[PDB]
Amino acid sequence: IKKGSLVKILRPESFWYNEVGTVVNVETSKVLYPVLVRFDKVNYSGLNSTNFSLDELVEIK
Amino acid sequence: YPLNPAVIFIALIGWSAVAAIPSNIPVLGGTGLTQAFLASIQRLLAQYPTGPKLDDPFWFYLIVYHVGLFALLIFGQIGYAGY
Amino acid sequence: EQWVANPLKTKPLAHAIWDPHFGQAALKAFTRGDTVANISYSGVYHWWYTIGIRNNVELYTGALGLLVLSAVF
Amino acid sequence: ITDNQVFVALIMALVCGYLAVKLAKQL
Amino acid sequence: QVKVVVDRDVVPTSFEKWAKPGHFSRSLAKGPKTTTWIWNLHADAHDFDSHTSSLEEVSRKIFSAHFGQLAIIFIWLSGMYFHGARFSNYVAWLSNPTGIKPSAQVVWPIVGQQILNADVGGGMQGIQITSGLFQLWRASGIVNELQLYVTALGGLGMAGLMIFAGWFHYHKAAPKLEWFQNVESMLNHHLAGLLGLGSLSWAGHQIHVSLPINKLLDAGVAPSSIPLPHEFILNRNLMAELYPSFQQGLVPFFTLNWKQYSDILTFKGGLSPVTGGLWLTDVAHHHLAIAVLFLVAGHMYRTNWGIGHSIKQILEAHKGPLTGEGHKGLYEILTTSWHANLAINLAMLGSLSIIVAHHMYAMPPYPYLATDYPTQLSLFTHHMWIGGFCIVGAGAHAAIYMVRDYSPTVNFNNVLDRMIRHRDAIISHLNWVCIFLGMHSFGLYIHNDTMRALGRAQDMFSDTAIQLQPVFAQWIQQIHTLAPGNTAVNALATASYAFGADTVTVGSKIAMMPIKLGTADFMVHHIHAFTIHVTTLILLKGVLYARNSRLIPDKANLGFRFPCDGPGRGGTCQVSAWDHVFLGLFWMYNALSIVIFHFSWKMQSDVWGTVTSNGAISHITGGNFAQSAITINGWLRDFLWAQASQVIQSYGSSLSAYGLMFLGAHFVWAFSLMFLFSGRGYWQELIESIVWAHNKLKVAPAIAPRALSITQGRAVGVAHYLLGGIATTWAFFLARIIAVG
Amino acid sequence: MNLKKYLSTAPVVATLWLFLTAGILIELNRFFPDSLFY
Amino acid sequence: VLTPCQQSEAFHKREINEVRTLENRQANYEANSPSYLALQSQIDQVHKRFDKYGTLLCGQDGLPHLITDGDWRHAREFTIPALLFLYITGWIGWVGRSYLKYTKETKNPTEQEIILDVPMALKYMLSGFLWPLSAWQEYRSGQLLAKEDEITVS
Amino acid sequence: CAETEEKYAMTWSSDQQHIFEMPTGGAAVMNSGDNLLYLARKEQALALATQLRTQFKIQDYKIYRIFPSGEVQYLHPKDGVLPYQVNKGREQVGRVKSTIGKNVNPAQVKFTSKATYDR
Amino acid sequence: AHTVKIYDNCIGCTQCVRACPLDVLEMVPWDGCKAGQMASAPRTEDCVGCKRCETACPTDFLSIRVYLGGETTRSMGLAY
Amino acid sequence: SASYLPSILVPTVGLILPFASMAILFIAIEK
Ligand code: CLA
Ligand code: CLA
Ligand code: CLA
Ligand code: CLA
Ligand code: CLA
Ligand SMILES: CC1=C(C/C=C(\C)CCC[C@H](C)CCC[C@H](C)CCCC(C)C)C(=O)c2ccccc2C1=O
Ligand code: SF4
Ligand code: SF4
């Protein structure tokens, strides 16, 4: 929801499913996948920074 | 591409006569290089199934004659590069 | 049934051979009696010998008895 | 051990061959 | 023009960039987010033509790396001279060479492996040499251990000059590209300075060291009454007794009375029947012929004085009509790209190494070399395999030039790309020749296999059956029998005893026997023609289809080590120019496996073995080739099964390490297959299913554990196929012939 | 200064360490050879 | 049948065979040869090698078999190097786990596994000695395991 | 061949007689004004489009797809626009509502002539 | 034909179209992303299916998926 | 034991049946 929040994912096809990651971008411009999140570890394409929607976006405290 | 296929026979005198009169005795040919072949084809020419691998003056003067004859006719086609 | 006579001694023969490629020296390396057959290394004469088949006639009636069954299926 | 039973055998599997082509040209 | 322009103090010599692994590539200094960064750290570690396009910085890097290679070679040769000095029985071997088996390496005494110390005579045991260094040293004239210690010391000194040399030529005096593209001078100093003065000065060594010493050892003098090589030059009176032509000095040389040097230098050929090697008079005369002939050969390249050629005005003048443009462009091809020069130099270097192999079995150049058969065997075999691999590097680096450094602007209508205009007509007729030779080289073995199996041995291709006597090889072999009187007029004996007269027996051991070639040797030569044409098919397919195939019309854009394009076009796995090199390494293992299996079994049936009294003959297998090479059951039974008996029964004995390098090299061979058949799309989530078992216990590795890449995952399959498959034949050969020879 | 950082890399530490454990086994198998007990 | 090894006859036949067969190489050298001295030390390394197998069980082959039941009459065969070995790789496993859960939280964890922090590496290298009651005290703390890590679809 | 298969005829224009590289292989003369090029398959032709376009300005280029009935087509360019550049004329086809995460299981597509992504 | 389907992860960064050597994929103005772009695959009759798109598709997991369908003359990519 | 029957059936099924069956299957590709 907010920038910089540590966020676990709930979409089973991501490489980072059930792994927390830091929110880079939150866009408020009707984008279906507005929240650009990057990570510590890296998938097979060499690309940690991906993006997600709000339903697949669980913050922690 | 073969622009000048003029003559072939000029190589023959160009290769026999440059090897006939040099004898160079102690080799296979005590006579010249071509006389030891042209003398050694008329014994075998009239339908003779002889001429084995030990037949030195025929088989050796096949390759050592034709390997200069081929080269000198090829250089005869190089003798139509300056045209 | 010749195997039934001496099951230790005689080797169990398989089907015969028809090669036109066995020139002369091969055929002396396969003659077991009049037959030139292969040696049936598949244990079949043992099982047919414990079934109680002691003839070739029962093998023919059984072979027809399974051609009929394959025609049934 | 005879010859006539071999003819009867190839008759029965020739008929069985007709059931093989018969089943084969329907599936 | 020609001048020397060298940058000084180029690169600082700090240890700072050692702390940045992968400093060298800007595509690789990101740090490892995966483990594929690790392996790409090493495959990009010598892509010098892929760090930076600046040819100056590349060329400094490579030319300094050469001195690292020569540093390792001088460490290696100094190792051989020191293991000859400290550890070897060479002084004892020099007493009686035909009895004492040569050994240097004396295995440390830990659990069991002291049984590898073979009691090879000489009052000292250790594992037996098959590299044949001692035969090189007796030819060199090395008498006692002191010259081996001193020459090992000079080997370390030259190794220090190469380490300091390459350090000096990358960092604090490194040349410009104008120094490197001075190729008339590079040939002008290698044809003359390297090879010319090398052979001339080596003729100086052989005349003033080896000829008196290996005359004294040919007389049979023990190495105590032999004076120093040194002590032959202080006075000619110790050499005028051995060769009276030294009494005349150099006066018959400068007066051109070279008849007088017939004692020192001659043209005999054959083999010295006392020592079983070449006459060193012939060998010293030989190196004078390379000396004058190469020193003449150096001076055909104009450098500063307007005298000589340039390569450009030679290549441009061969403008033949079937090529159109002629060789216009190759001097700009071969002086800008290094992979092209590496293709040529690796091709000619490897084929030179094969030429080395043949000229070492059939004209054994070292004294007592053909009397200890393993050194006779493996020096054939080893120079075959580097004789093989260096050809495939040609097919690698002619491919890489076609991918990386090719440029159609400079290379327009010349002799090069006019091939690529009809590369379908190249590869299609290689394809036809491969199938024609495969049928007519291997179908003959299936034929004789079946005809011997069907009993009809009259229908085979034996001696007695349908004969296939090689007509041309027997004929020109007979010309070489008739060499030394007819055409080699001033010769005395033949060029070899693999051609002509009666065999040479040295200490009841057969040095060289006239090899008969009949109707089985024919078919093995068509094997060799076949498996040479298949590697030529794959390595010309890998160069002509390196850049723009009609399947994939952009391989220059994809690169050289790309795996594939994808499942499209029905699948394009293993399609790059690298992949044809991948296949050429397997066919290298095939082609040379049957070159040496042709060697080590025809020369255990037709050459080697012992003799008894009254000139009787006894081969190792006893003439068991021509009746048995014609099939494959005869091949696999009579060679790969029967010759295993001295490898497989080797446990408890000193050959048993080979019995360990026989089994384990099977292992690695089969361990290659796991990398060849499977693929990383299996191993990646097998591994990731193990990464679950590490994430559960917080033993997650920070460098993320990928599987190997595709080109790596197949490259490792080649590199185990060759280490395993080659080391099987290695331990099989040396375990075979040491138990006899 | 950075030389120790080169001596802290993966293969150099792996050889200075597997060389050391290999030395433990080889020196511990000259001193106590044929150790099938214990 | 597992005979006690000191009185198995074919075992002693292997003693005679290896001593005498190794002594066949000893029939080449003089009394002061270093090779001959090496075979003196080697014969010592055969008689000691066979007398130090006095409590094994060489069966009908004369080859010393083992037992892996933990009979406590054969615990020196297997279970004592079993406990010893599991101590050594519980050391190595605990050191590797502790070092990775160090460098998981550093500045550049990717750089930390190339270039080992020999400070913190040789910290944990030694500090993983008491790993049974350090893993048992981290396991009670809810720290040895993990939960809700990566998984595929289902 | 030209009797039964589609020959792709790349037509383009230039300014100078440069030298490009054929997808057949080997260099070509590159007529300066305007030149056609009959090719075999499309990847060769657009591989030549990348061969020219990544070097220098070669635009106003497109293959006419010669199919053996006789007529032509217009590949590449299609709309005077470069394909990764956005023109507001290309109507999208080939999309679904979401990611792979809502694709149906193939045991629901089983014994039906559908696809595993159609929803 | 190889059915290429382009899902709604397609953030319109055009490495697909610039990566495809066949122009089966174009870019379509689609007001659902930040860049307003989303790729389309109209001419999948020319689609080889080499999956060079799915290499250079920097989405979370593969907005563009290339399902290997039928095999025509062009989709088999044979030269003759 | 009709010993002559393999001399008929082994050729007529061994070679000429994978000639005419090649014809039946291969024309049957195009039927
Ligand atoms: C006649 C002089 C001469 C000699 C003897 C050599 C010899 C050699 N050159 Mg070389 N070279 C020369 C002139 C010479 N070069 C010139 C003039 C150029 C410029 C055009 C080059 C450019 C050149 C390149 C680009 C490369 C070589 C390489 C090599 C080595 C090939 C490896 C080999 O054969 O191992 C056999 C090894 C030996 C026989 C050892 C010989 C070493 C002794 C000390 C002689 C070296 C003389 C040396 C040039 C003196 C330096 C002068 C300086 C102090 C002022 C070999 C050492 C290659 C190599 O491996 O790099 C080293 C390589 O890549 N050379
Ligand atoms: C033992 C295994 C084996 C065999 C037989 C072959 C055989 C062949 N490979 Mg090869 N290959 C192999 C393993 C093998 N390979 C492996 C392991 C690799 C991995 C690197 C390769 C990689 C490789 C490459 C990269 C290439 C080949 C090629 C070839 C062909 C060369 C032409 C030739 O010899 O035609 C003659 C055929 C033979 C010698 C095979 C035996 C045929 C007999 C003699 C006659 C026919 C038998 C019989 C009459 C059939 C009719 C009866 C039947 C219908 C009932 C040939 C078919 C080349 C190719 O495809 O085109 C040339 C090629 O480019 N191979
Ligand atoms: C490819 C290698 C090879 C070769 C050369 C042969 C050769 C032979 N085999 Mg054979 N064989 C082979 C492989 C081979 N085999 C293999 C691999 C197998 C096992 C699968 C067998 C199994 C086998 C059996 C079982 C038997 C033979 C037999 C024979 C012999 C007679 C066959 C015959 O009639 O020829 C047929 C030849 C032709 C039909 C002619 C075609 C070839 C011509 C000459 C090509 C000419 C082209 C021309 C040069 C083009 C240029 C001219 C143009 C420009 C105008 C003959 C020596 C028989 C025998 O008894 O041996 C004595 C026999 O019984 N073979
Ligand atoms: C007269 C000087 C001379 C002498 C004494 C030798 C002696 C020897 N050479 Mg030799 N060699 C020479 C010149 C000489 N060579 C020249 C000039 C070349 C270069 C062409 C070679 C190339 C050469 C090779 C490649 C090999 C030898 C080998 C050998 C050894 C084998 C024993 C034998 O019978 O060889 C007798 C030697 C010969 C028959 C060579 C004759 C070469 C003539 C002189 C070439 C003349 C070139 C001239 C320009 C004319 C060209 C046209 C001509 C071909 C008609 C022996 C020590 C072999 C070896 O290493 O031993 C293990 C080997 O593999 N030599
Ligand atoms: C950090 C050290 C470490 C630890 C604690 C573990 C622990 C484990 N691994 Mg393992 N593993 C490691 C490193 C480690 N691994 C490395 C480096 C590799 C690559 C070779 C593997 C490859 C691997 C595979 C392929 C598998 C495991 C499995 C397992 C589990 C079963 C135990 C087993 O058989 O180990 C396996 C042990 C090995 C394969 C060899 C030992 C690994 C190294 C050489 C020893 C550790 C030394 C390490 C480098 C020290 C680094 C720290 C130090 C520098 C400070 C267990 C949780 C298995 C599993 O999932 O079971 C549940 C399984 O299938 N591991
Ligand atoms: C087995 C296999 C793998 C798996 C190979 C794994 C990933 C590599 C195993 C060897 C590495 C080097 C082990 C890592 C060990 C480290 C060196 C640390 C250990 C400690 C000491 C040894 C230093 C592939 O990645 C692969 C890829 C493509 C085709 C086939 C295959 C394949 O067959
Ligand atoms: S999907 Fe991946 S590749 Fe296709 S456009 Fe959106 S980002 Fe660029
Ligand atoms: S499928 Fe193959 S061709 Fe069609 S776009 Fe994806 S990659 Fe380019």
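When we count neighbours, we look across all protein chains shown, and the Cβ atoms used for this are built from the backbone with ideal geometry, even at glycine. Laboratory data are not the source of any read-out in this text; all were calculated from the coordinates shown.
Mind checking the angle between helix B:9-20 and chain B's longest principal axis? C-alpha axes, 0 to 90 degrees, to the nearest 10.
In chain B, helix B:9-20 runs at an angle near 40 degrees to the longest axis.
May I ask you to derive the relative contact order of chain E, considering only C-alpha pairs under 8 Å and at least 6 residues apart, and to give it as an integer percent?
Averaging sequence separation for qualifying contacts and normalising by length gives 12 percent for chain E.
Going down the table (G:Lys123/G:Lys147; A:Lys61/G:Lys101; E:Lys30/H:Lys57; A:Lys61/I:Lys51; A:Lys61/G:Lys104), which pairs top 31 Å between alpha carbons?
In this structure, E:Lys30/H:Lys57; A:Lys61/I:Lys51 exceed 31 Å between Cα atoms.
Which of the trypsin sites (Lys or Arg not before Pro) found in the stretch G:55-128 are in a DSSP loop and have at most 15 neighbouring Cβ atoms, other than their own, within 10 Å?
The qualifying sites are G:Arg73, G:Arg76, G:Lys104, G:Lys107.
How big is the gap, in Å, between the Cα center of the stretch E:585-602 and the Cα center of the stretch E:359-414?
With the stretch E:585-602 and the stretch E:359-414 each reduced to a Cα centre, they are spaced 14 Å.
Quantify how much of the Cα-Cα distance distribution of chain I extends past 22 Å, in percent.
Of all Cα-Cα pairs in chain I, 20 percent lie more than 22 Å apart.
Relative contact order for chain I: what is it in percent, counting Cα pairs under 8 Å that are at least 6 residues apart?
Result for chain I is 42 percent.
Per the Debye formula with a single identical scatterer at each Cα and no solvent contribution, what log10 I(q)/I(0) holds for the protein assembly as shown at q = 0.06, 0.09 Å⁻¹?
-0.87, -1.64
At most 14 other Cβ atoms within 10 Å and a DSSP loop assignment: could you name the chymotrypsin sites (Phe, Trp or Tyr not before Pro) in the stretch H:67-119 that fit?
Qualifying residues, ordered by number: H:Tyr74, H:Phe111.
So how tilted is helix G:9-24 from the main axis of chain G? Cα-based, degrees 0 to 90, rounded to 10.
So the inclination is approximately 80 degrees.
Collect residues whose amide H, placed 1.01 Å from N in the peptide plane, falls under 5 Å from the amide H of H:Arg65; neighbours closer than 5 in sequence don't count.
For H:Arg65, the qualifying residues are H:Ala9, H:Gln73, H:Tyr74, H:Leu75.
Between H:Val109 and E:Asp463, what FRET efficiency follows from the Cβ-Cβ distance if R0 is 41 Å, with the result rounded to 0.05?
0.05
What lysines sit close enough to H:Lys110 to cross-link, taking a C-alpha to C-alpha distance under 20 Å and skipping anything fewer than 8 places away on the same chain?
Cross-link targets: H:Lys102.
How many angstrom lie between the C-alpha centres of the stretch G:60-111 and the stretch E:315-354?
61
What percent does the relative contact order of chain C come to when contacts are Cα pairs within less than 8 Å and at least six residues apart?
32
Looking at chain E, what % of its DSSP beta bridges pair antiparallel, to the nearest 5?
80
For E:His580, E:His666, which order do you get if you count the other beta carbons within 10 Å of each Cβ and list the fewest first?
Neighbour counts put them in this order, fewest first: E:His666, E:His580.
Using the Karplus curve 6.51 cos²θ - 1.76 cosθ + 1.60 with θ = phi - 60°, work out ³J(HN,Hα) for each residue of the stretch E:213-222 in order, rounded to whole Hz, and write x for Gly and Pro.
6, 7, 8, 5, 6, 6, 6, x, 6, 5
Which residues' amide hydrogens lie under 5 Å from the amide hydrogen of G:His65, considering only partners 5 or more residues apart or on another chain, with H built in the peptide plane?
Distant-sequence amide H within range of G:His65: G:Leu57, G:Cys58, G:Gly59.
How big is the Cα convex hull of chain H in projection, averaged over all directions, in nm²?
Average of the hull's projected areas for chain H equals 11.7 nm².
Take the alpha-carbon positions of the stretch E:2-72, form their convex hull, and give its projected area averaged over all directions (one quarter of the hull surface) in nm².
Averaged projected hull area, Cα only: 6.4 nm².
Amide H of G:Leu144 versus every other amide H placed in the peptide plane: which residues, excluding those fewer than 5 positions away on the same chain, fall under 5 Å?
G:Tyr139
Could you pull out the GluC sites (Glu not before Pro) across the stretch E:158-267 that fall in loop regions by DSSP (anything but H, G, I, E, B) with no more than 12 other Cβ atoms inside 10 Å?
E:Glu241
Which of the helices in chain E meet the span-like rule: DSSP H, Cα axial reach of 27 Å or more, Kyte-Doolittle mean at least 1.0?
Answer set is E:145-167, E:521-544, E:656-677, E:710-738.
When all alpha-carbon pairs of chain E are counted, what percent fall beyond 44 Å?
Distances greater than 44 Å cover 35 percent of the Cα pairs.
Across chain E, where is the longest run that never hits trypsin sites (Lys or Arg not before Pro) in a DSSP loop with at most 10 other C-beta atoms within 10 Å?
Segment E:27-741 is the longest.
To the nearest 10 degrees, how steeply does helix G:79-103 sit against the main Cα axis of chain G, on a 0 to 90 scale?
Long axis of G:79-103 versus the principal axis of chain G: about 30 degrees.
Using only the Cα atoms of the stretch E:165-237, build the gyration tensor, take square roots of its eigenvalues as a ≥ b ≥ c, and label the shape rounded, prolate or oblate: rounded if a/c is under 1.5, else prolate if a/b is larger than b/c, else oblate.
prolate
Measure out, as a whole number of angstrom, how far apart the alpha-carbon centroids of the stretch E:479-494 and chain D sit.
78
Output ³J(HN,Hα) for the stretch E:301-309: one whole-Hz value per residue in order, computed from phi by the Karplus curve 6.51 cos²θ - 1.76 cosθ + 1.60 with θ = phi - 60°, and x for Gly and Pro.
10, 5, 10, 10, 5, x, 9, x, 9
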